[PDB]
Amino acid sequence: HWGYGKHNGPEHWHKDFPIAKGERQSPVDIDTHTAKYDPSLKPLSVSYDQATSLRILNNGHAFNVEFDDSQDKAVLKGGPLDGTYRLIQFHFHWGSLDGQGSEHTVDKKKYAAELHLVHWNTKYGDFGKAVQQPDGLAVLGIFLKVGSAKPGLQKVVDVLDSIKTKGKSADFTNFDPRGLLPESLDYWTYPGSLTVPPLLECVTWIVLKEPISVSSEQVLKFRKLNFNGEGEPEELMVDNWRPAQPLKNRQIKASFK
Ligand SMILES: NS(=O)(=O)c1c(F)c(F)c(SCCO)c(F)c1N[C@H]1CCc2ccccc21
Ligand code: NA
Ligand SMILES: [Zn+2]
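In UniProt numbering, the protein residues as written are 4 to 260.
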């Protein structure tokens, strides 16, 4: 099946998922000089006060923290969005080395990891309907750089040894995603796609300008996870990022400067 290795990694995905070569694929390199400042873009509204995290799961590609999205408890709106989007899950992509790991790049610079908070447009009623729509998802992307620890990340890092292998899950209640945000909500935005198969072109991407900093020990703990299931040979879960895709007929808009 698809993955991140030599024989099934991103350069192979188009054979099963032809939209891999589509018109609005993600991620992309953000050229900060050519992003258009749009003064009509609104501040982002991140309303995470009533978030209910449920569980954390190793799916063999990354780990996901899942939320109760059956009511408007943790929503994203404003910014470039017209609707209300509900938080369903977050996950990360990261590298084998601190110099790589993010999906988006900024002037060709890679970060050590990238957090994706995935939300779906509540006019479509559920996540599965939303992914079939050009405006169905809004994914808030936050870069991680290695420096000082992120205290709000530590509850995540601490539970990872309990979901080491493909298919494992653990209860993960009372996790507050506001702990993962940087100080500024200035952002870039562009229309794009999921960054794994099925690569559907249903995403409004909102990528925060300001990274969060995490410690070397925090990111090292991510690289101890495994892509394989228990009692299969060990394949460390590292480098689970898709490279930048061509921007094609798209413009990245900036909410700042
Ligand atoms: N960067 S992303 O938002 O495209 C993404 C990833 F890159 C992931 F690696 C994963 S791990 C599960 C893969 O099947 C994601 F869930 C999601 N997001 C979820 C969003 C729900 C969904 C549906 C189909 C595929 C992926 C996803
Ligand atoms: Na350190
Ligand atoms: Zn992602």
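Every residue, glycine too, gets a C-beta built ideally from N, C-alpha and C.
Could you tell me the distance, in whole angstroms, from the CA atom of residue i to the CA atom of residue j?
i: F146; j: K224; result: 17 Å
i: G131; j: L239; result: 30 Å
i: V241; j: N231; result: 12 Å
i: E237; j: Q136; result: 38 Å
i: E233; j: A65; result: 15 Å
i: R181; j: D52; result: 8 Å
i: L120; j: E235; result: 30 Å
i: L44; j: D189; result: 10 Å
i: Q92; j: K260; result: 31 Å
i: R58; j: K169; result: 15 Å
i: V210; j: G144; result: 5 Å
i: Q221; j: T192; result: 28 Å
i: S50; j: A77; result: 6 Å
i: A38; j: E69; result: 32 Å
i: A115; j: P201; result: 25 Å
i: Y40; j: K171; result: 43 Å
i: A257; j: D71; result: 31 Å
i: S165; j: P42; result: 46 Å
i: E204; j: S216; result: 30 Å
i: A173; j: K9; result: 30 Å
i: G128; j: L90; result: 13 Å
i: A152; j: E117; result: 15 Å
i: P46; j: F95; result: 24 Å
Is any heavy atom in ligand 2 found nearer than 7 Å to the beta carbon of residue i?
i: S50; result: no
Return yes when at least one heavy atom of ligand 3 lies under 7 Å from the C-beta of residue i, else no.
i: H36; result: no
i: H17; result: no
i: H96; result: yes
Which residues share a DSSP beta bridge with residue i?
i: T207; result: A141, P194
i: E117; result: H96, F146
i: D32; result: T108
i: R58; result: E69, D174
i: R89; result: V78, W123
i: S48; result: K80
i: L239; result: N229
i: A257; result: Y40, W191
Just confirm the distance between the C-beta atoms of residue i and residue j, as a whole number of angstroms; I'd bet it's less than 8 Å.
i: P185; j: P214; result: 7 Å
i: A141; j: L84; result: 6 Å
i: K167; j: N229; result: 5 Å
i: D32; j: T108; result: 5 Å
i: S56; j: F175; result: 5 Å
i: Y88; j: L79; result: 5 Å
i: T35; j: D138; result: Going by Cβ atoms, the distance from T35 to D138 rounds to 26 Å, so no, they are not a contact pair.
Would you please verify whether the beta carbon of residue i is less than 8 Å from any beta carbon of chain C?
i: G8; result: The structure shown has no chain C; it contains just one protein chain.
For ligand 1, list every residue whose C-beta falls under 5 Å from any of its heavy atoms, going in chain order. With 5 Å as the limit, the residues whose C-beta approaches any heavy atom of ligand 1 more closely are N62, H64, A65, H119, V121, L197, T198, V199, in sequence along the chain.
Pull every residue with its beta-carbon under 6 Å away from any heavy atom of ligand 2, and keep them in chain order. Those residues are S218, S219, given in chain order.
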